[PDB]
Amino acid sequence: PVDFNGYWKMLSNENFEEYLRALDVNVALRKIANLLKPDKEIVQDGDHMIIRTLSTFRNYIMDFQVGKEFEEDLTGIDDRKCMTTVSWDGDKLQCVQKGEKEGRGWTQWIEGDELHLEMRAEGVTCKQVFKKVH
């Protein structure tokens, strides 16, 4: 396990448009979303974690307990509900989102002062990197 606490800004984004296409997100929103460089505020307190993907255009908030399955309301992305579980896999943070879509989930880890995040859905993989600014 590692410590994700902090405020992070996006450095890079790769294959995000195809990842959103796999979720049936409309073209217009896909183009707009891929041009946004959202911040990430993570509050880690024990096994309780809050991850806020921030943008004035639109936000997405996660508030969960590691190891405990919860009903994830993805309103704002594709408006789906998934039975999600986020667990530790060594120093990596694994998330599996069970629902209508195949292979939906993500993996997060740290390299120096950078947050690495890979998102997957329907066999598609998106890669993002963030820099710890606070």
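Numbering starts at 1 and runs along the sequence shown.
**Q** Between 41 to 49 and 79 to 87, which has the larger average Cα B-factor in the PDB entry?
**A** According to the entry, 79 to 87 carries the higher average C-alpha B-factor.
**Q** Mean CA B-factor: is it higher for 103 to 111 or for 70 to 78?
**A** Higher of the two, by average CA B-factor, is 70 to 78.
**Q** So among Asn26, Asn34, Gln97, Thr56, who wins on Cα B-factor in the entry?
**A** Answer, based on the entry's C-alpha B-factors: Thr56.
**Q** Check the PDB entry and point out which of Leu20, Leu117, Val124, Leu11 has the largest C-alpha temperature factor.
**A** Out of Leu20, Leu117, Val124, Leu11, the record gives the largest C-alpha B-factor to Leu11.
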